[PDB]
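J.: following this: a sequence and the matching experimental structure.
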Amino acid sequence: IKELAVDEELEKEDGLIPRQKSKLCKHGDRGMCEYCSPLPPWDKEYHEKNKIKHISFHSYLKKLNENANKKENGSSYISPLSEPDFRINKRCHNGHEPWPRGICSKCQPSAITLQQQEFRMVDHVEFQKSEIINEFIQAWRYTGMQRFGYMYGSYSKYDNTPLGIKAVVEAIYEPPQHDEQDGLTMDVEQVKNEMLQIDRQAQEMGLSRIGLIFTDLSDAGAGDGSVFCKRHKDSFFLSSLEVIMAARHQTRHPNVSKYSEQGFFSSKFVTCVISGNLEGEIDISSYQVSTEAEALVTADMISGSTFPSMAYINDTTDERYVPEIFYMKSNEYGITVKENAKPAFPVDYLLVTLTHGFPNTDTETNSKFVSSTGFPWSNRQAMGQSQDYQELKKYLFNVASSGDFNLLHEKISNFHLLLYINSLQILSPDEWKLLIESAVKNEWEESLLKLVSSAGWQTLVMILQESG
Amino acid sequence: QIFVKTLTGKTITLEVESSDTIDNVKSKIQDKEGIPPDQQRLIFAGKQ
Ligand SMILES: [Zn+2]
Ligand SMILES: [Zn+2]
């Protein structure tokens, strides 16, 4: 099987950390005893020294390869990187062949200790431009209600975190949803039918749906104060209703891995939320879900509770056997061992954090999508920017009826403009594929003149001039 | 003109490895981790 091009590059590099000679070393200069030996990239002591709170899963893959492959014979190639299962094997390899009549300890799911995950799949989410997500908050500034979107992007290496993958996003697509002041809830059938055609155009453009965003602002008084502070240390970090939508999105998009026995493991999916800081701004934060316990129990046992920090655990009806969930908390006198014989266990423990950021404006490798970021989006029907062909006379117009190719190609690289053109499918699919590849790639000057000489682009500007 | 001989016996250990109270993890989430060089994080304003 074949993995991603980014995932195979992190596997080949060892990522060792070099050290220097010290006063504690008693050996010679041409050697190393223990104090200047090469440090492994999975040691968590070096991680918390530089305030890195997770061990960068590609290095966690290396720390399990040392346990799988040894100096001894072995002759196995097991590679035990699989999803730990809480479901019940029906055959059970014993005399209690039905679960209605019989269950023993080798098939019973053990009591969940609630230990936090030490490794994250995505180590650092990054963005492309501050003007891209400024249009997303501007949707709230016009209708006053919450929004929703899906992030399309790619992946590359990250040199800050040892053996880490960074998440790059390029554009944000919004599905048609019904907004509300308190929260939001849309139909999953019309979104999945709409997201199927966007994945078609994302393949030729080199994009993949790897993220989503949802807003939560609660403006205070619209004067000096920006927003309220809903999510803090004493309150919930992520609501339990949005854990369900984050869990189903990770199971729909698996990550291919040759080390896993099933063929897919350790999904690379980000969930970002606009919530605001403690003091005064609308700074965002992102956390992703845990694979070890939460990713498998969401198929059978997650039920909604009235508290945003916790989630209710329901009962067993003849196939849905669940084990007891335990966690430690302080009582009125001291700190005690596991107490939970009670439902509504918290879900903030099962989240691992990420580091969001925006790159510097002075230099970058590329940006690939900065045309205007002011074009009316596809499914923004709550706002007034959902126009017909009247907008195409205002937006591009083949500027001033005779456009220069340095000023014409800079507008054609928009994500939602190219996704609006092919829906009319005036051009051929072969000429459309070279149209979107010219706008997204470099050395575009020889191929842009091929587009203007084609009869399909001439019919597009002729059918636009007669219409309003 | 005689002797006294007696042996001994030991029990080594058991462990549980229980840690990570919930109040330490809630303080563990709300912090920062550092950002390379020019990876500003931004502010924003609106809703006049
Ligand atoms: Zn040494
Ligand atoms: Zn069994």
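T.: Yep, that arrived. Residues are numbered from 1 along each chain as shown, chains lettered A, B, ... in the order given. Ligands and ions are numbered 1, 2, ... in the order given.

J.: could I get the full set of helices for the chain?
T.: All of this is about chain A. For chain A, the helices defined by DSSP state H cover A:5-12, A:44-49, A:57-68, A:132-143, A:188-205, A:240-252, A:294-297, A:390-395, A:405-408, A:415-424, A:429-440, A:445-453, A:455-466.

J.: hmm, no, I was thinking of chain B.
T.: Residue ranges of the helices in chain B, as given by DSSP H, are B:22-29.

J.: can you pull the residues of it lying near chain A?
T.: Within chain B, the positions near chain A by Cβ under 8 Å from any Cβ of the partner chain are B:18, B:20-23, B:25-48. Where C-beta positions appear, they are placed from N, C-alpha and C, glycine not excepted.

J.: what subset of these is buried?
T.: Buried by 16 or more other Cβ atoms under 10 Å in any protein chain shown: B:25, B:26, B:29, B:33, B:35, B:36, B:39, B:44, B:47, out of the residues of chain B next to chain A.

J.: wait, which of the helices of chain A is closest to ligand 2?
T.: Using Cβ to the ion as the measure, helix A:294-297 is the one of these that comes nearest ligand 2, at 18.2 Å.

J.: and the closest one with chain B, contact?
T.: No: counting by Cβ under 8 Å from any Cβ, chain B has no neighbours in helix A:294-297; the shortest distance is 14.6 Å.

J.: that helix packs against which elements?
T.: Counting contacts by 3 or more Cβ pairs under 8 Å, 6 or more residues apart in numbering or on different chains; DSSP states H and E, helix A:294-297 packs against helix A:240-252.

J.: which outside residues touch the helix it packs on?
T.: Residues outside helix A:240-252 that contact it (Cβ atoms under 8 Å, 6 or more residues apart in numbering or on different chains) are A:183, A:212, A:214, A:238, A:267, A:269, A:271, A:273, A:288-289, A:294-295, A:298-299, A:302, A:304-305, A:307-311, A:347, A:350.

J.: and what of stretch A:324-341?
T.: Residues outside stretch A:324-341 that contact it (Cβ under 8 Å, 6+ apart): A:111-114, A:313, A:345-346, A:349, B:18, B:20-23.

J.: what's the answer for stretch B:40-48, then?
T.: Contact with stretch B:40-48 is made by A:130, A:134, A:137-138, A:140-141, A:219, A:222, A:226, A:281-283, A:356-358, A:360, B:35, as judged by Cβ under 8 Å, 6+ apart.

J.: and the gap between the residue nearest to residue A:176 when sequence neighbours are not counted and residue A:320?
T.: Closest residue in space to residue A:176, ignoring its immediate chain neighbours: residue A:379 at 4.4 Å, by Cβ to Cβ, 6 or more residues apart in numbering or on different chains. Between residue A:379 and residue A:320 the distance is 37 Å, computed by Cβ to Cβ, to the nearest Å.

J.: of these two, who's got more company?
T.: For residue A:379 versus residue A:320, neighbours defined as other Cβ atoms under 10 Å in any protein chain shown are more numerous around residue A:379 (16 against 12).

J.: now, among the buried ones among the residues of chain B next to chain A, which is nearest to residue A:125?
T.: Nearest to residue A:125 among those, counting by Cβ to Cβ, is residue B:39 at 10.9 Å.

J.: that closest one and residue A:361 touch, don't they?
T.: No: contact criterion Cβ atoms under 8 Å: residue B:39 and residue A:361 do not qualify, at 11.2 Å.

J.: tally of neighbours for the residue nearest to residue A:177 when sequence neighbours are not counted?
T.: Once flanking residues are discounted, residue A:177 sits nearest to residue A:186: 3.9 Å by Cβ to Cβ, 6+ apart. By other Cβ under 10 Å, the residues close to residue A:186 number 14.

J.: residue A:186 touches residue A:146, doesn't it?
T.: No: using Cβ under 8 Å as the test, residue A:186 is too far from residue A:146 to be in contact (11.3 Å).

J.: the residue of chain B found nearest chain A and ligand 2, how far apart?
T.: Residue of chain B nearest chain A, by Cβ to the nearest Cβ: residue B:38 (2.6 Å). According to Cβ to the ion, to the nearest Å, residue B:38 and ligand 2 sit 57 Å apart.
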